[PDB]
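Trainee: This is the structure, below, for whatever I ask next.
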Amino acid sequence: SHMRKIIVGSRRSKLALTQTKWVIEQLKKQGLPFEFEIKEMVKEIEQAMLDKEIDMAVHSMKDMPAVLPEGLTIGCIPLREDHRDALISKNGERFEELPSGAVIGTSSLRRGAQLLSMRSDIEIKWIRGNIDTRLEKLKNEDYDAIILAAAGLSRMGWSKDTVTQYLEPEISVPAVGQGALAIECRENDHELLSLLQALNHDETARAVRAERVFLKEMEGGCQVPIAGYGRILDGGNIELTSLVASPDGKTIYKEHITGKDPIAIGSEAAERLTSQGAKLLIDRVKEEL
Ligand SMILES: *Cc1[nH]c(Cc2[nH]cc(CCC(=O)O)c2CC(=O)O)c(CCC(=O)O)c1CC(=O)O
């Protein structure tokens with residue numbers, strides 16, 4: 001029959017389309033009368049959505065801006081994937097087993113700093129590209145290992161043949177929003193928001209909300225050595241782990257806070273880390289970029 005067609009904007013990478021299709025598939029499980037169509041195409045997708053050329057987009061939470069364009073909203077945050085960083089070693093060694101002088105590929109200051117805090121006898125080397133591209137570079141270039149989000153390898157069904165060690169947050173505190181998806185739509189698209197509700201996972205959303213509040217107040221992002229990971233405790237409170245590190249790994253600010261309200265705990269986390277010198281550190285790093 002004649003039903004509303006929801007147009008879903010997506011990047012063209014294997015991962016992006018996979019994430020986008022996952023979302024569509026879960027939405028279809030409600031059995032409501034909507035058609036979905038992907039339009040292969042964060043900010044340019046946002047412009048299209050504002051212009052009503054698309055109705056929604058599925059982004060990796062960790063790549064979302066602190067502030068959405070007025071008129072847009074994160075309409076849904078589904079049940080989180082694995083939040084953990086993953087080590088993929090060419091010759092199958094766990095982190096502490098990598099040879100002295102091992103070359104670990106990442107363009108993330110957050111990842112490289114944490115690794116360097118544990119081991120000063122490894123080398124962090126810049127690497128870029130989509131996750132497949134990066135796996136090909138690990139094979140074909142001078143890297144002994146790489147770090148990737150466990151979530152992307154999971155989504156692709158690649159983990160089994162790649163992951164050498166899943167890194168616990170004790171070892172590597174994840175990027176804010178890692179493993180979470182931001183399903184972005186217009187704030188006034190009430191029909192769509194209503195459809196997205198059954199997909200929203202309140203415990204994921206609350207945790208991520210705390211992480212983001214902290215990141216916003218610290219003025220962090222992908223380019224800065226800042227981390228935050230919130231989980232829901234069995235008791236129902238959120239526990240937020242917050243971290244800022246010097247790029248060489250020698251100075252770590254790291255704190256835990258537990259509470260009910262994501263805004264209050266994210267804010268208090270930023271206040272505490274800022275009071276310890278973490279914001280000055282981030283400001284100085286940005287000065288040398
Ligand atoms: C903020 C940031 N983005 C990226 C590149 C990126 N974005 C999403 C993913 C997939 C995992 C997910 O959806 O959560 C990826 C790639 C990946 O991490 O697998 C980075 C990576 C920089 C790098 O390591 O070179 C970052 C920064 C960060 O994670 O600290």
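Just remember, in the structure tokens the first chain shown is A, the second B, etc., residues are 1-based per chain, and ligands are 1-based in the order shown.
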Write out as a list in words each polymer residue whose atoms come within 9 Å of stretch 215-220 of chain A, counting only C-alpha atoms; drop sequence neighbours fewer than 2 positions from it.
Mentor: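 Once the adjacent positions are removed, what remains is residues 65, 66, 67, 176, 210, 211, 212, 213, 222, 223, 224, 225, 226, 227, 228, 266, 267, 270, 271, 273, 274, 278, 279, 282 and 283 of chain A.
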Trainee: Can you check which residues of stretch 1-226 of chain A DSSP gives as alpha helix (DSSP H) on the backbone and send them as a PyMOL selection string?
Mentor: chain A and resi 14-28+43-50+109-118+131-140+150-155+190-197+202-217
Trainee: Using only C-alpha atoms and all ligand atoms, I'd like a table of the residues in chain A that come within 8 Å of ligand 1; for each, show the closest atom pair and its distance in Å rounded to one decimal, ordered by chain and ascending number, as JSON lines.
Mentor:
```
{"residue": "A:15", "atom": "CA", "partner": "ligand 1", "partner_atom_place_in_ligand_line": "10 (C)", "distance": 7.8}
{"residue": "A:59", "atom": "CA", "partner": "ligand 1", "partner_atom_place_in_ligand_line": "13 (O)", "distance": 7.7}
{"residue": "A:60", "atom": "CA", "partner": "ligand 1", "partner_atom_place_in_ligand_line": "13 (O)", "distance": 4.3}
{"residue": "A:61", "atom": "CA", "partner": "ligand 1", "partner_atom_place_in_ligand_line": "14 (O)", "distance": 6.6}
{"residue": "A:62", "atom": "CA", "partner": "ligand 1", "partner_atom_place_in_ligand_line": "1 (C)", "distance": 5.0}
{"residue": "A:63", "atom": "CA", "partner": "ligand 1", "partner_atom_place_in_ligand_line": "1 (C)", "distance": 5.0}
{"residue": "A:83", "atom": "CA", "partner": "ligand 1", "partner_atom_place_in_ligand_line": "14 (O)", "distance": 7.1}
{"residue": "A:85", "atom": "CA", "partner": "ligand 1", "partner_atom_place_in_ligand_line": "18 (O)", "distance": 7.3}
{"residue": "A:105", "atom": "CA", "partner": "ligand 1", "partner_atom_place_in_ligand_line": "25 (O)", "distance": 7.5}
{"residue": "A:106", "atom": "CA", "partner": "ligand 1", "partner_atom_place_in_ligand_line": "25 (O)", "distance": 4.1}
{"residue": "A:107", "atom": "CA", "partner": "ligand 1", "partner_atom_place_in_ligand_line": "25 (O)", "distance": 3.4}
{"residue": "A:108", "atom": "CA", "partner": "ligand 1", "partner_atom_place_in_ligand_line": "23 (C)", "distance": 4.2}
{"residue": "A:109", "atom": "CA", "partner": "ligand 1", "partner_atom_place_in_ligand_line": "30 (O)", "distance": 6.6}
{"residue": "A:110", "atom": "CA", "partner": "ligand 1", "partner_atom_place_in_ligand_line": "30 (O)", "distance": 5.0}
{"residue": "A:111", "atom": "CA", "partner": "ligand 1", "partner_atom_place_in_ligand_line": "30 (O)", "distance": 5.9}
{"residue": "A:126", "atom": "CA", "partner": "ligand 1", "partner_atom_place_in_ligand_line": "25 (O)", "distance": 7.0}
{"residue": "A:127", "atom": "CA", "partner": "ligand 1", "partner_atom_place_in_ligand_line": "25 (O)", "distance": 5.9}
{"residue": "A:128", "atom": "CA", "partner": "ligand 1", "partner_atom_place_in_ligand_line": "25 (O)", "distance": 5.8}
{"residue": "A:130", "atom": "CA", "partner": "ligand 1", "partner_atom_place_in_ligand_line": "16 (C)", "distance": 7.0}
{"residue": "A:131", "atom": "CA", "partner": "ligand 1", "partner_atom_place_in_ligand_line": "19 (O)", "distance": 6.0}
{"residue": "A:147", "atom": "CA", "partner": "ligand 1", "partner_atom_place_in_ligand_line": "24 (O)", "distance": 6.2}
{"residue": "A:148", "atom": "CA", "partner": "ligand 1", "partner_atom_place_in_ligand_line": "19 (O)", "distance": 3.7}
{"residue": "A:149", "atom": "CA", "partner": "ligand 1", "partner_atom_place_in_ligand_line": "19 (O)", "distance": 3.7}
{"residue": "A:150", "atom": "CA", "partner": "ligand 1", "partner_atom_place_in_ligand_line": "19 (O)", "distance": 6.9}
{"residue": "A:151", "atom": "CA", "partner": "ligand 1", "partner_atom_place_in_ligand_line": "11 (C)", "distance": 5.5}
{"residue": "A:152", "atom": "CA", "partner": "ligand 1", "partner_atom_place_in_ligand_line": "11 (C)", "distance": 4.8}
{"residue": "A:153", "atom": "CA", "partner": "ligand 1", "partner_atom_place_in_ligand_line": "19 (O)", "distance": 7.6}
{"residue": "A:174", "atom": "CA", "partner": "ligand 1", "partner_atom_place_in_ligand_line": "29 (O)", "distance": 7.1}
{"residue": "A:175", "atom": "CA", "partner": "ligand 1", "partner_atom_place_in_ligand_line": "29 (O)", "distance": 4.9}
{"residue": "A:177", "atom": "CA", "partner": "ligand 1", "partner_atom_place_in_ligand_line": "14 (O)", "distance": 6.7}
{"residue": "A:178", "atom": "CA", "partner": "ligand 1", "partner_atom_place_in_ligand_line": "14 (O)", "distance": 3.7}
{"residue": "A:179", "atom": "CA", "partner": "ligand 1", "partner_atom_place_in_ligand_line": "14 (O)", "distance": 4.1}
{"residue": "A:180", "atom": "CA", "partner": "ligand 1", "partner_atom_place_in_ligand_line": "14 (O)", "distance": 6.1}
{"residue": "A:181", "atom": "CA", "partner": "ligand 1", "partner_atom_place_in_ligand_line": "13 (O)", "distance": 6.9}
{"residue": "A:221", "atom": "CA", "partner": "ligand 1", "partner_atom_place_in_ligand_line": "1 (C)", "distance": 6.2}
{"residue": "A:222", "atom": "CA", "partner": "ligand 1", "partner_atom_place_in_ligand_line": "1 (C)", "distance": 3.6}
{"residue": "A:223", "atom": "CA", "partner": "ligand 1", "partner_atom_place_in_ligand_line": "27 (C)", "distance": 6.5}
{"residue": "A:224", "atom": "CA", "partner": "ligand 1", "partner_atom_place_in_ligand_line": "30 (O)", "distance": 7.7}
{"residue": "A:225", "atom": "CA", "partner": "ligand 1", "partner_atom_place_in_ligand_line": "30 (O)", "distance": 7.2}
{"residue": "A:226", "atom": "CA", "partner": "ligand 1", "partner_atom_place_in_ligand_line": "30 (O)", "distance": 7.5}
{"residue": "A:227", "atom": "CA", "partner": "ligand 1", "partner_atom_place_in_ligand_line": "30 (O)", "distance": 7.4}
```
Trainee: What would the file look like if the residues just selected were written as a CSV table (one decimal), in the first residue's frame with N, CA and C atoms?
Mentor:
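The new file again.csv reads:
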```csv
chain,number,residue,atom,x,y,z
A,15,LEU,N,31.0,0.2,6.5
A,15,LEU,CA,30.5,0.4,7.9
A,15,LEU,C,29.3,1.3,8.0
A,59,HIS,N,24.5,8.0,12.6
A,59,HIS,CA,25.8,8.4,12.7
A,59,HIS,C,26.4,7.6,13.9
A,60,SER,N,27.7,7.4,13.8
A,60,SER,CA,28.4,7.0,15.0
A,60,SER,C,28.4,8.1,16.0
A,61,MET,N,27.9,7.8,17.2
A,61,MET,CA,27.9,8.8,18.3
A,61,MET,C,29.2,9.5,18.5
A,62,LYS,N,30.3,8.8,18.5
A,62,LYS,CA,31.5,9.4,18.8
A,62,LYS,C,32.0,10.5,17.8
A,63,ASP,N,31.3,10.5,16.6
A,63,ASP,CA,31.6,11.5,15.6
A,63,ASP,C,30.6,12.7,15.5
A,83,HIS,N,31.4,-1.1,23.6
A,83,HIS,CA,32.1,0.3,23.7
A,83,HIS,C,33.6,0.3,23.7
A,85,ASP,N,37.7,-0.2,22.9
A,85,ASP,CA,38.8,-0.2,21.9
A,85,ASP,C,39.2,-1.8,21.8
A,105,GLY,N,49.2,1.4,15.3
A,105,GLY,CA,48.6,2.4,14.4
A,105,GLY,C,47.3,3.0,14.9
A,106,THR,N,47.3,4.4,15.1
A,106,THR,CA,46.1,5.1,15.5
A,106,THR,C,46.4,6.6,15.3
A,107,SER,N,45.4,7.3,14.8
A,107,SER,CA,45.5,8.8,14.8
A,107,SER,C,44.8,9.4,16.0
A,108,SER,N,44.4,8.6,17.0
A,108,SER,CA,43.7,9.1,18.2
A,108,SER,C,44.8,9.4,19.3
A,109,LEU,N,44.8,10.6,19.8
A,109,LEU,CA,45.6,11.0,20.9
A,109,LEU,C,45.1,10.3,22.2
A,110,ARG,N,43.8,10.1,22.3
A,110,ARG,CA,43.2,9.5,23.4
A,110,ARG,C,43.7,8.0,23.5
A,111,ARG,N,43.7,7.3,22.4
A,111,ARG,CA,44.1,5.9,22.3
A,111,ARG,C,45.6,5.8,22.6
A,126,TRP,N,50.5,7.4,13.2
A,126,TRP,CA,49.3,7.9,12.5
A,126,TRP,C,48.9,6.8,11.5
A,127,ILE,N,47.6,6.6,11.4
A,127,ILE,CA,46.9,5.8,10.4
A,127,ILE,C,45.5,6.4,10.2
A,128,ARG,N,45.1,6.5,8.9
A,128,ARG,CA,43.7,6.9,8.6
A,128,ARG,C,43.0,6.0,7.6
A,130,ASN,N,38.8,4.2,6.3
A,130,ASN,CA,37.7,3.5,6.8
A,130,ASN,C,38.3,2.2,7.4
A,131,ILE,N,37.5,1.5,8.2
A,131,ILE,CA,38.0,0.4,9.0
A,131,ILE,C,38.6,-0.7,8.1
A,147,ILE,N,44.7,-0.1,16.5
A,147,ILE,CA,43.5,0.0,17.4
A,147,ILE,C,42.3,0.4,16.6
A,148,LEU,N,41.2,-0.3,16.8
A,148,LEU,CA,39.9,0.0,16.2
A,148,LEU,C,38.8,-0.1,17.3
A,149,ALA,N,37.7,0.4,17.0
A,149,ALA,CA,36.6,0.3,17.9
A,149,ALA,C,36.0,-1.2,17.7
A,150,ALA,N,35.9,-1.9,18.8
A,150,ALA,CA,35.3,-3.2,18.7
A,150,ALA,C,33.9,-3.2,18.0
A,151,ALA,N,33.2,-2.1,18.2
A,151,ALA,CA,31.8,-2.0,17.6
A,151,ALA,C,31.7,-2.1,16.1
A,152,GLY,N,32.7,-1.5,15.4
A,152,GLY,CA,32.7,-1.5,13.9
A,152,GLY,C,33.0,-2.8,13.4
A,153,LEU,N,34.0,-3.5,14.1
A,153,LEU,CA,34.4,-4.8,13.6
A,153,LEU,C,33.2,-5.8,13.9
A,174,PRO,N,37.2,4.3,26.6
A,174,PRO,CA,36.7,4.6,25.3
A,174,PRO,C,36.4,6.1,25.0
A,175,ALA,N,36.3,6.4,23.8
A,175,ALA,CA,35.8,7.7,23.3
A,175,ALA,C,34.4,7.8,23.8
A,177,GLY,N,30.7,8.1,23.5
A,177,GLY,CA,29.8,7.6,22.5
A,177,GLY,C,30.3,6.4,21.7
A,178,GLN,N,31.5,5.9,21.9
A,178,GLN,CA,31.9,4.7,21.2
A,178,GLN,C,31.0,3.5,21.3
A,179,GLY,N,30.6,2.9,20.2
A,179,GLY,CA,29.7,1.8,20.2
A,179,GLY,C,28.2,2.2,20.1
A,180,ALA,N,27.9,3.5,20.4
A,180,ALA,CA,26.6,4.0,20.3
A,180,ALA,C,26.4,4.7,18.9
A,181,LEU,N,25.1,4.6,18.5
A,181,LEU,CA,24.6,5.2,17.3
A,181,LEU,C,23.7,6.4,17.7
A,221,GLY,N,36.6,16.4,21.8
A,221,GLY,CA,36.3,15.8,20.5
A,221,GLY,C,37.4,14.8,20.1
A,222,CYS,N,37.2,14.3,18.9
A,222,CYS,CA,38.1,13.3,18.4
A,222,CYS,C,39.6,13.6,18.4
A,223,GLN,N,39.9,14.9,18.2
A,223,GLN,CA,41.2,15.4,18.0
A,223,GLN,C,42.0,15.7,19.3
A,224,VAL,N,41.4,15.5,20.5
A,224,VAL,CA,41.9,15.8,21.8
A,224,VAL,C,42.0,14.5,22.7
A,225,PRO,N,43.0,14.4,23.6
A,225,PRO,CA,43.1,13.1,24.4
A,225,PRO,C,42.2,13.1,25.6
A,226,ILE,N,40.9,13.0,25.3
A,226,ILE,CA,39.8,13.0,26.2
A,226,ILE,C,38.9,11.7,26.0
A,227,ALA,N,38.5,11.1,27.1
A,227,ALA,CA,37.7,9.9,27.1
A,227,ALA,C,36.7,10.0,28.1
```
Trainee: For residue A:77, please output as a count of residues only all residues within 6 Å (counting only C-alpha atoms; exclusion window: fewer than 2 positions along the same chain).
Mentor: 4
Trainee: Counting only C-alpha atoms, which of A:237, A:100, A:159, A:172 gets nearest to residue A:203?
Mentor: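 Nearest to residue A:203: A:237.
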Trainee: Would you mind telling me which residue in A:232, A:32, A:171, A:48 lies nearest to residue A:198 when using only C-alpha atoms?
Mentor: A:32
Trainee: So which residues touch residue A:257 within 9 Å, counting only C-alpha atoms, skipping near sequence neighbours fewer than 6 positions away, as a ChimeraX atom specification?
Mentor: /A:238-242,265-266,268-269
Trainee: What's the separation between atom CA of residue A:141 and atom CA of residue A:19, in Å to one decimal place?
Mentor: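 It comes out at 28.0 Å.
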Trainee: Using only C-alpha atoms, pick whichever of A:195, A:114, A:74, A:102 has the shortest atom-to-atom distance to residue A:31.
Mentor: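 Among A:195, A:114, A:74, A:102, it is A:195 that comes nearest to residue A:31.
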